[PDB]
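Only one chain comes next, encoded as structure tokens, the form deposited without this ligand.
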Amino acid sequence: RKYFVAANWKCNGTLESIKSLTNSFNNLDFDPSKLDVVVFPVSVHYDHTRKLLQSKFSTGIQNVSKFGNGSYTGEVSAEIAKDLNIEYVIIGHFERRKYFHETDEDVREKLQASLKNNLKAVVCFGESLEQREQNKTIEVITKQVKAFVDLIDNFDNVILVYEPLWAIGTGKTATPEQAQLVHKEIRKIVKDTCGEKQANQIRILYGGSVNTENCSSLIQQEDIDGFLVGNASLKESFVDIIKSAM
């Protein structure tokens, strides 16, 4: 299966910084038919970003509505994204589950809406420290995946992402090996619920803290197909993280 490296800029950037950053990314020589590289800018920065980034890179938005077009002030629907030729959408990021109040039900409705409009989706999930310390990681992940897994029609169009919440901000570090065990378990749930062929083609990205020093060890694990990068994707050195997967 193809490796997938994504840059989640979150709520950051100005017109100038974005200009300089995309200028550095464009200096990288790679083949877009082998590797998938996607940049996710702030909604109001989309046109500016698409224009500056060469065609080798794909682009997407950080959130999509669970409703369609209509009376929902502040929302961007799947149909609007499709008309704009937007290719990817992030769904279920922990910051949205935490700060805003998105549930597994919201996740499934957003996925259903994206697929219904022929959009590609990157869906996030993961367990917290409290759930981990009491040995419930697998029970939590099974519940989270089971919420939307039956909607997946084309296993090349939905990318899964495991966010180790127990490590994020807690002052703890998730080793590649610890990550690999979870990814292995996730692939097994997809196999048992959907099928072997289906489990073999779907990408499962890391999603924890990735930098230039640990990217190689992570990508080497057999069930880790790439990453959704945060803070490091706002730096010019992000090119070295891409290089680790080619």
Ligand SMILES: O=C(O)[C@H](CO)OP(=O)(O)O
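All residue numbers refer to positions in the sequence shown, first residue = 1.
FYI, the form deposited with this ligand bound isn't displayed, but the following is about it.
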### Task
Report whether the minimum heavy atom distance between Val210 and this ligand in the bound PDB entry is within 4.5 Å.
yes
### Query
For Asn23, is any heavy atom within 4.5 Å of this ligand in the bound PDB entry, or not?
no
### Query
Would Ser17 count as touching this ligand in the bound PDB entry under a 4.5 Å heavy atom rule?
no
### Query
Any of the heavy atoms of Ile224 lying within 4.5 Å of this ligand in the bound PDB entry?
no
### Task
Heavy atom within 4.5 Å of this ligand in the bound PDB entry: which of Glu95, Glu109, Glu127, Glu102 fits that? Just give me the one.
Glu95
### Message
Counting any heavy atom within 4.5 Å as contact, can you tell me which stretch out of 162-170, 129-137, 78-86, 113-121 lines this ligand in the bound PDB entry?
### Response
162-170
### Task
Residue by residue through 219-246, tell me which have a non-hydrogen atom within 4.5 angstroms of this ligand in the bound PDB entry.
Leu228, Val229, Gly230, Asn231
